[PDB]
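Undergrad: Quick one: the structure is below, and I'll ask about it shortly.
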Amino acid sequence: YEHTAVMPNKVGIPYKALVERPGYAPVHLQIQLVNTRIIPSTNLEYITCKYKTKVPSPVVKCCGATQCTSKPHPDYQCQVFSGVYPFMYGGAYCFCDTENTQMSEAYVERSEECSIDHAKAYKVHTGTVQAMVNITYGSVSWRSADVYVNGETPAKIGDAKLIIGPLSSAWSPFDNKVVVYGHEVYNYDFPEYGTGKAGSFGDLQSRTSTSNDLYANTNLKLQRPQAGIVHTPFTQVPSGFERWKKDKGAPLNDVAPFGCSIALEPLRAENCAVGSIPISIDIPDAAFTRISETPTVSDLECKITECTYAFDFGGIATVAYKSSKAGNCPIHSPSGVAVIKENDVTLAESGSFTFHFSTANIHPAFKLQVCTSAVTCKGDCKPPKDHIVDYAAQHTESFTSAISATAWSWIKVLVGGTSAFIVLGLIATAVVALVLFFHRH
Amino acid sequence: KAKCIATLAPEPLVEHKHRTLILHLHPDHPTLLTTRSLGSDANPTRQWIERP
Ligand SMILES: *[C@@H]1O[C@H](CO)[C@@H](O)[C@H](O)[C@H]1NC(C)=O
């Protein structure tokens with residue numbers, strides 16, 4: 001027996017409903033999301049990290065000269081400095097005073113830290129949505145499984161075939177390009193591979209952390225050695241990866257809307273409370289007991305004894321009843337006015353039972369289903385005194401939830417008063433025309 | 001990769017008003033405070049607090 005509905009995209013707040021099959025006792029159904037995961041399709045573009053400048057031993061040619069040869073090294077530099085007269089611990093290195101030459105070389109390579117301290121540049125595309133759903137129904141205990149939130153793939157959870165529809169809003173916190181660093185994810189528009197600029201995030205780029213083909217773009221310039229000294233001085237733009245670390249700003253972990261959590265294995269946004277989720281669950285015939293074998297109730301009377309429209313279950317009500325074939329009975333509230341804490345009650349041949357509920361309404365009025373029967377509960381609720389709480393609201397707001405009977409009275413008096421005044425003017429207008437007509441005739 | 005011991009700032013004093021969260025922050029070191037709402041418009045806040 002298939003039951004179809006739409007449940008809010010909320011984690012930790014269950015969707016509760018009765019599966020009503022004429023001739024059989026209603027099966028109470030409860031579907032709770034354990035987590036919701038938005039898993040985009042990602043493609044690693046390149047890996048950037050802090051660079052290391054490799055400086056081989058310079059070639060010092062005494063009484064002669066050398067020429068630079070281009071080499072296949074990242075950001076390779078080579079310059080020949082003539083007219084050098086270097087000294088070592090053993091004295092002057094060269095004999096000639098001005099005919100000596102020093103060749104300096106330098107190139108960029110990944111630092112040792114790049115194996116543990118690097119940022120991954122990903123291109124992000126629309127992917128899939130998954131969730132873990134906790135389901136209980138009838139007398140069946142809680143069962144859970146990972147499902148695909150696409151409305152097409154059925155999940156079998158405890159002999160029930162669950163199809164969770166696509167999210168009503170195709171929203172994702174990830175932009176087209178993101179940077180993953182450590183546990184953090186950033187919506188950073190990084191330069192494409194091979195186009196990085198010195199001092200910026202992508203100055204050093206590698207397709208993989210173990211790739212042998214490295215791209216480097218720094219203003220690495222060889223400087224002339226100090227007089228009499230054998231060394232290879234140079235200037236270079238400070239690493240843009242270390243610069244980015246300072247200018248990262250807030251990560252997506254800390255700014256994502258809808259309370260999303262960002263996980264990395266795989267990269268995904270979790271528990272984003274966006275929109276609603278269509279659902280469809282097919283419950284086997286074994287779960288449905290014939291009405292003739294279950295209790296039924298009549299002459300129901302509901303009393304709300306206490307109520308606060310707090311986020312918690314601040315409402316309390318009592319239902320008087322008469323029944324036949326006394327036994328366990330499911331409880332449900334079809335409307336959104338109040339969320340019922342209880343799932344079922346134990347009935348006697350006669351008596352009453354109590355239940356707790358959460359409502360945002362000042363004057364809640366809602367239908368309570370009891371073994372295919374229904375009773376209307378009405379009462380007034382006081383406001384809570386606690387300004388801030390550490391838990392989410394169980395109930396749902398509406399336009400008219402906050403309008404009190406006194407406010408409705410003023411609205412009715414205002415609208416009725418103005419309408420009656422206009423009607424009075426129109427009746428007077430109609431009568432005077434009728435009187436004038438009789439003057440002529 | 002290794003595990004390092006980082007400091008813990010003193011727990012804030014929290015005062016509640018209608019739709020307002022009041023935090024009294026007394027850090028020992030420059031401490032980062034960030035906030036965001038859980039709605040469709042998460043207005044983020046990011047500030048380093050060095051003094052009470
Ligand atoms: C399902 O809900 C029950 C409630 O008692 C809980 O014990 C169980 O751990 C939940 N399942 C998951 C996967 O969280």
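Letters A, B, ... go to the chains of the structure tokens in the order shown; residues in each chain start at 1; ligands are counted from 1 in the same order.
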Compile a residue-level contact table for chain A against ligand 1 at a cut-off of 6 Å, reporting for every qualifying residue the shortest atom pair and its distance in Å to one decimal, with only C-alpha atoms and all ligand atoms counted, rows ordered by chain and ascending number, as a Markdown table.

TA:
| residue | atom | partner | partner_atom_place_in_ligand_line | distance |
| --- | --- | --- | --- | --- |
| A:34 | CA | ligand 1 | 14 (O) | 5.7 |
| A:134 | CA | ligand 1 | 1 (C) | 5.0 |
| A:142 | CA | ligand 1 | 1 (C) | 5.3 |
| A:144 | CA | ligand 1 | 13 (C) | 5.4 |

Undergrad: Chain A near chain B within 9 Å: what's each residue's closest atom pair and its distance in Å to one decimal, counting only C-alpha atoms, ordered by chain then ascending residue number, as a Markdown table?

TA:
| residue | atom | partner | partner_atom | distance |
| --- | --- | --- | --- | --- |
| A:116 | CA | B:1 | CA | 6.7 |
| A:117 | CA | B:1 | CA | 8.9 |
| A:249 | CA | B:46 | CA | 8.7 |
| A:250 | CA | B:46 | CA | 7.3 |
| A:254 | CA | B:36 | CA | 7.2 |
| A:255 | CA | B:44 | CA | 5.7 |
| A:256 | CA | B:42 | CA | 6.9 |
| A:257 | CA | B:42 | CA | 4.8 |
| A:258 | CA | B:38 | CA | 4.8 |
| A:259 | CA | B:38 | CA | 4.6 |
| A:260 | CA | B:38 | CA | 8.3 |
| A:273 | CA | B:39 | CA | 8.2 |
| A:274 | CA | B:40 | CA | 8.0 |
| A:386 | CA | B:16 | CA | 8.2 |
| A:387 | CA | B:18 | CA | 5.2 |
| A:388 | CA | B:16 | CA | 6.2 |

Undergrad: If you keep N, CA, C and O atoms, can you produce a file of those selected residues as a CSV table (one decimal), in the first residue's frame?

TA:
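Everything below was put into part-v6.csv:
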chain,number,residue,atom,x,y,z
A,116,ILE,N,52.0,17.8,2.7
A,116,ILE,CA,51.0,17.8,3.8
A,116,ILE,C,50.3,19.2,3.8
A,116,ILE,O,49.1,19.2,4.3
A,117,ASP,N,50.9,20.2,3.3
A,117,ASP,CA,50.3,21.6,3.3
A,117,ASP,C,50.1,22.1,1.9
A,117,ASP,O,51.0,22.8,1.4
A,249,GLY,N,40.1,34.7,4.3
A,249,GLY,CA,38.8,35.2,4.7
A,249,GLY,C,38.1,34.1,5.4
A,249,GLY,O,38.6,33.1,5.9
A,250,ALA,N,36.7,34.2,5.4
A,250,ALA,CA,35.9,33.2,6.0
A,250,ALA,C,35.7,32.0,5.1
A,250,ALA,O,35.5,32.2,3.9
A,254,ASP,N,32.0,28.4,7.3
A,254,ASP,CA,31.5,29.4,8.3
A,254,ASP,C,30.5,30.4,7.7
A,254,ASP,O,29.9,31.3,8.4
A,255,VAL,N,30.2,30.4,6.4
A,255,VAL,CA,29.3,31.3,5.8
A,255,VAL,C,28.1,30.7,5.0
A,255,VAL,O,27.3,31.4,4.5
A,256,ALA,N,28.2,29.4,4.8
A,256,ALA,CA,27.1,28.7,4.0
A,256,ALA,C,25.8,29.0,4.5
A,256,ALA,O,25.5,28.9,5.7
A,257,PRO,N,24.8,29.5,3.7
A,257,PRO,CA,23.4,29.7,4.2
A,257,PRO,C,22.7,28.3,4.5
A,257,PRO,O,23.2,27.2,4.3
A,258,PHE,N,21.6,28.5,5.2
A,258,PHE,CA,20.7,27.4,5.6
A,258,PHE,C,21.4,26.4,6.6
A,258,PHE,O,20.9,25.3,6.8
A,259,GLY,N,22.5,26.9,7.3
A,259,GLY,CA,23.1,26.0,8.3
A,259,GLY,C,23.8,24.8,7.7
A,259,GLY,O,23.9,23.8,8.4
A,260,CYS,N,24.3,24.9,6.5
A,260,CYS,CA,25.0,23.8,5.9
A,260,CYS,C,26.3,23.5,6.6
A,260,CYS,O,27.0,24.4,7.1
A,273,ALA,N,18.9,23.0,5.3
A,273,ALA,CA,17.4,23.0,5.4
A,273,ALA,C,16.8,23.9,4.4
A,273,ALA,O,16.4,25.0,4.6
A,274,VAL,N,16.8,23.3,3.1
A,274,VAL,CA,16.3,24.0,2.0
A,274,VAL,C,15.1,23.3,1.4
A,274,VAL,O,15.1,22.1,1.1
A,386,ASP,N,11.2,32.5,28.0
A,386,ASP,CA,12.6,32.3,27.6
A,386,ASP,C,12.8,32.9,26.2
A,386,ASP,O,12.3,32.4,25.2
A,387,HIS,N,13.7,33.9,26.1
A,387,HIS,CA,13.9,34.6,24.8
A,387,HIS,C,14.7,33.7,23.9
A,387,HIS,O,14.3,33.6,22.7
A,388,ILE,N,15.7,33.0,24.3
A,388,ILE,CA,16.6,32.2,23.5
A,388,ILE,C,16.6,30.8,24.0
A,388,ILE,O,16.7,30.5,25.2

Undergrad: If you run DSSP on this backbone, which residues of stretch 258-412 of chain A come out as alpha helix (DSSP H), and could you give them as a PyMOL selection string?

TA: chain A and resi 405-412

Undergrad: So, with only C-alpha atoms as the atoms that count, which of A:232, A:38, A:167, A:181 lies closest to residue A:77?

TA: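 Looking only at the distances to residue A:77, the closest residue turns out to be A:232.
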
Undergrad: Rank A:124, A:415, A:114, A:262 by their smallest atom-to-atom distance to residue A:47, using only C-alpha atoms, and report the top residue only.

TA: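 With only C-alpha atoms as the atom set, the closest residue is A:114.
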
Undergrad: Tell me, as a list in words, which residues lie within 9 Å of residue A:112, counting only C-alpha atoms; anything in the same chain fewer than 6 positions away does not count.

TA: residues 50, 51 and 52 of chain A

Undergrad: Which residues, written as a VMD selection string, have at least one atom at most 9 Å from residue A:290, with only C-alpha atoms counted and residues fewer than 5 positions away on the same chain left out?

TA: chain A and resid 22 to 25

Undergrad: Output the selection as a CSV table (one decimal), in the first residue's frame - N, CA and C atoms for each residue.

TA:
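Output contents, as saved in result00.csv:
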chain,number,residue,atom,x,y,z
A,22,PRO,N,-8.8,1.7,4.1
A,22,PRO,CA,-10.1,1.3,4.5
A,22,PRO,C,-10.3,-0.2,4.8
A,23,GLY,N,-10.9,-0.5,5.9
A,23,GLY,CA,-11.0,-1.9,6.3
A,23,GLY,C,-9.9,-2.4,7.2
A,24,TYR,N,-8.8,-1.6,7.4
A,24,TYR,CA,-7.7,-2.0,8.2
A,24,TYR,C,-7.4,-0.8,9.1
A,25,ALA,N,-6.9,-1.1,10.3
A,25,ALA,CA,-6.5,-0.1,11.2
A,25,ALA,C,-5.4,0.8,10.7

Undergrad: Quick one: everything within 9 Å of residue A:238, counting only C-alpha atoms, minus sequence neighbours fewer than 6 positions away in the same chain. Send it as JSON, numbers by chain.

TA: {"A": [198, 199, 218]}

Undergrad: Once you have the residues from the selection above, write them out as a compact mmCIF listing (two decimals), in the first residue's frame, restricted to N, CA and C atoms.

TA:
# COMPACT_ATOMS: atom_id res chain seq x y z
N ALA A 198 52.40 35.72 -10.32
CA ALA A 198 53.28 35.77 -9.16
C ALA A 198 52.61 36.48 -7.99
N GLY A 199 52.78 35.91 -6.80
CA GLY A 199 52.25 36.49 -5.58
C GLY A 199 50.79 36.23 -5.33
N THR A 218 56.86 33.11 -10.70
CA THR A 218 57.31 34.07 -9.71
C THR A 218 58.31 34.98 -10.40

Undergrad: Would you please give, as a list in words, all residues of chain B that DSSP assigns to strand (DSSP E or B) based on the backbone?

TA: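 Listing strand (DSSP E or B) positions across chain B yields residues 13, 14, 15, 16, 17, 20, 21, 22, 23, 24, 31, 32, 33, 34, 35, 45, 46, 47, 48 and 49 of chain B.
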
Undergrad: Do you have the atom CA of residue A:440-atom CA of residue A:423 distance handy?

TA: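 Here the two named atoms are 26.1 Å from each other.
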